[PDB]
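Participant: Sending over a structure as structure tokens; questions will come in a sec.
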Amino acid sequence: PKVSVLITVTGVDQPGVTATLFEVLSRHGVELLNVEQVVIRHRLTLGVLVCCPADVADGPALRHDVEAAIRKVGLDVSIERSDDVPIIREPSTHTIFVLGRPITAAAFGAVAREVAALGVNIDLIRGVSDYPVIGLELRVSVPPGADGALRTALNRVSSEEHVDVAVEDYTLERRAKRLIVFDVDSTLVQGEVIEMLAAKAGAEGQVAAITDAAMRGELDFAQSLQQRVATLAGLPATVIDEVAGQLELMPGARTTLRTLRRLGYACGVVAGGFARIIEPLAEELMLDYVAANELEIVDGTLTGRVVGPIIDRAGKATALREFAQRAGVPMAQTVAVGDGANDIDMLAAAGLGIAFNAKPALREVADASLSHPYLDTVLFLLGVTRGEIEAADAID
Ligand SMILES: [Mg+2]
């Protein structure tokens, strides 16, 4: 068949329209080239590009048979010669996420402005979560040389409007994600552990000052580690056990790992905290890798030093590429999720770094940003929807 022809049903959706349209097309010399159909709130769109013999396609026979059979049931339909038309659309060059509780129209409208301001076509939009946070995904195509300015744009927009914004490359390698590492304190686990231990030595005050002074990027990580652990010199090492019992998991964390197992992920943690305390919980979670510092003990009591080598900032980036080596996962399929300057070097070495309840020094450099203290929102940023999760969970 010689010449091409584009057909397009619009109108309220109903059953059988897709069948009806193609039986009808069989009666004329018709072979498909592309078919695109969707139903959004019942509005049916259907876009069939065919190429059929110039014989039939120059004839009113086809026109009348289609038009008649569509408008009969209550939908519109258009028919036009094609010849030059692109057969199948290009893929999207980036994907963007917008999340928040709530997402104001002004907020979302600002994202779309700055996206427009740069030449970026919104190729598609859809909602990924209604719980615990409205999240909406946008596949966008970006002018070459703009995407640096894009994340500049979007971060700003995020701050002024109180929504979380996230911009990944939507490419083949970059989307077979396979490896995730979590910080522990204030990411995977609620609270600072070095404060649960501090509070046992009645020095919860001094220590919590320094800790926030560090996680924000004001004191050398080693230097503030020594000094805070210094406060613990004297405690019976039984207290380690006491703090690993009190620990709580970030909300939704179980669901985050359980789902990250589904997609075949290697999951690990990377702290500057204390291996003896993550070692229990990283067993129960059946994690694949733990990199953490060691508390010195003598005759059963804590000396207040840490055993070296210390896992400083750059030690956390080191800590991840070692994992990514041991499991064979290149760096660009590696996910990292932190919450403080401690993690600046991890997130920037990972292929997709995620600031979670981050101090602002982090948000400034993470490829993405979540403000709201639910760890399941990490799933949405990785290609999953609240619908899938509850489906897969519900089957068991
Ligand atoms: Mg932390």
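Simple scheme: letters A, B, ... for chains in structure tokens order, numbers from 1 for residues in each chain, numbers from 1 for ligands in the order shown.
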Need to verify the contact set: range 134-142 of chain A, 7 Å, only C-alpha atoms, exclusion of same-chain residues closer than 6 positions in sequence. Can you return it as a ChimeraX atom specification?

Facilitator: /A:92-103,119-128

Participant: Counting only C-alpha atoms and all ligand atoms, what residues are within 6 Å of ligand 1, given as a short mmCIF file (atom, residue, chain, number, x, y, z; two decimals) with N, CA and C atoms, in the first residue's frame?

Facilitator:
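Once written, selection07.cif looks like this:
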```
data_model
loop_
_atom_site.label_atom_id
_atom_site.label_comp_id
_atom_site.auth_asym_id
_atom_site.auth_seq_id
_atom_site.Cartn_x
_atom_site.Cartn_y
_atom_site.Cartn_z
N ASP A 183 21.87 6.79 54.23
CA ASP A 183 22.42 7.15 55.52
C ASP A 183 21.53 6.53 56.60
N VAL A 184 22.01 6.55 57.84
CA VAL A 184 21.21 5.96 58.90
C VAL A 184 20.56 7.05 59.74
N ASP A 185 21.37 7.87 60.40
CA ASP A 185 20.82 8.80 61.37
C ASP A 185 20.08 9.90 60.65
N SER A 186 18.78 10.01 60.94
CA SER A 186 17.79 10.95 60.37
C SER A 186 17.47 10.67 58.91
N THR A 187 17.82 9.50 58.40
CA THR A 187 17.37 9.06 57.09
C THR A 187 16.63 7.76 57.28
N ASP A 339 20.92 13.03 54.49
CA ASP A 339 20.18 14.11 55.13
C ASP A 339 21.07 15.22 55.67
N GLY A 340 22.36 15.27 55.37
CA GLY A 340 23.22 16.30 55.94
C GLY A 340 24.51 16.43 55.16
#
```

Participant: Leaving out residue 297 in chain A and any residue of its chain fewer than 2 positions from it, which residues lie within 12 Å of it when counting only C-alpha atoms, given as an NGL selection string?

Facilitator: :A and (232-240 or 276 or 294-295 or 299-307)

Participant: Please produce an output containing C-alpha atoms for each residue in the selection, written as a PDB file, in the first residue's frame.

Facilitator:
```pdb
ATOM      1  CA  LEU A 232      30.813   8.947  75.968  1.00  0.00           C
ATOM      2  CA  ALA A 233      34.126   7.869  77.532  1.00  0.00           C
ATOM      3  CA  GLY A 234      33.062   6.093  80.710  1.00  0.00           C
ATOM      4  CA  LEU A 235      29.873   4.363  79.732  1.00  0.00           C
ATOM      5  CA  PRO A 236      29.486   0.604  80.178  1.00  0.00           C
ATOM      6  CA  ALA A 237      29.405  -0.873  76.677  1.00  0.00           C
ATOM      7  CA  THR A 238      26.137  -2.547  77.651  1.00  0.00           C
ATOM      8  CA  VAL A 239      24.560   0.842  76.773  1.00  0.00           C
ATOM      9  CA  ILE A 240      25.184   0.149  73.086  1.00  0.00           C
ATOM     10  CA  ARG A 276      27.775  -2.316  66.761  1.00  0.00           C
ATOM     11  CA  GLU A 294      33.709   1.454  65.420  1.00  0.00           C
ATOM     12  CA  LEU A 295      33.536   2.431  69.060  1.00  0.00           C
ATOM     13  CA  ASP A 299      37.407  -4.088  79.802  1.00  0.00           C
ATOM     14  CA  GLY A 300      33.801  -3.615  78.708  1.00  0.00           C
ATOM     15  CA  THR A 301      33.665   0.188  78.903  1.00  0.00           C
ATOM     16  CA  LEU A 302      33.691   2.878  76.251  1.00  0.00           C
ATOM     17  CA  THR A 303      36.892   4.880  76.014  1.00  0.00           C
ATOM     18  CA  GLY A 304      35.398   7.773  74.054  1.00  0.00           C
ATOM     19  CA  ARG A 305      37.614   7.350  71.013  1.00  0.00           C
ATOM     20  CA  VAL A 306      36.541   5.721  67.761  1.00  0.00           C
ATOM     21  CA  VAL A 307      38.539   2.979  66.081  1.00  0.00           C
TER      22      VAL A 307
END
```

Participant: Taking only C-alpha atoms into account, name the residue in A:223, A:325, A:14, A:246 that is nearest to residue 192 in chain A.

Facilitator: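 Counting only C-alpha atoms, the residue closest to residue 192 in chain A is A:246.
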
Participant: Extract the full set of strand (DSSP E or B) residues from range 118-367 of chain A according to DSSP on the backbone, and format it as an NGL selection string.

Facilitator: :A and (121-129 or 134-141 or 164-169 or 179-182 or 185 or 189 or 236 or 249 or 266-274 or 290-298 or 301-307 or 334-338 or 352-356)

Participant: Might you pull out every residue within 12 Å of residue 321 in chain A, with only C-alpha atoms counted and same-chain residues fewer than 4 positions away left off, and present them as number ranges by chain?

Facilitator: A: 179-181, 268, 270, 289, 291, 314-317, 325-336, 345-351

Participant: Which polymer residues have any atom within 9 Å of an atom of range 374-377 of chain A, counting only C-alpha atoms, with same-chain residues fewer than 3 positions away left out, as a list in words?

Facilitator: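 Residues near the query, excluding close chain neighbours: residues 99, 129, 131, 132, 133, 135, 187, 188, 250, 251, 252, 253, 254, 255, 256, 257, 356, 370, 371, 380 and 381 of chain A.
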
Participant: Point out the residue among A:152, A:4, A:357, A:190 with the least atom-to-atom distance to residue 58 in chain A, counting only C-alpha atoms.

Facilitator: A:4

Participant: Point out the residue among A:353, A:16, A:143, A:273 with the least atom-to-atom distance to residue 197 in chain A, counting only C-alpha atoms.

Facilitator: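 Once distances to residue 197 in chain A are computed over only C-alpha atoms, the minimum belongs to A:273.
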
Participant: Might you pull out every residue within 10 Å of range 83-85 of chain A, with only C-alpha atoms counted and same-chain residues fewer than 4 positions away left off, and present them as a PyMOL selection string?

Facilitator: chain A and resi 2-6+49+51

Participant: Which residue is closest to residue 174 in chain A? Choose from A:390, A:384, A:352, A:29 and count only C-alpha atoms.

Facilitator: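 Smallest separation from residue 174 in chain A among the options: A:352.
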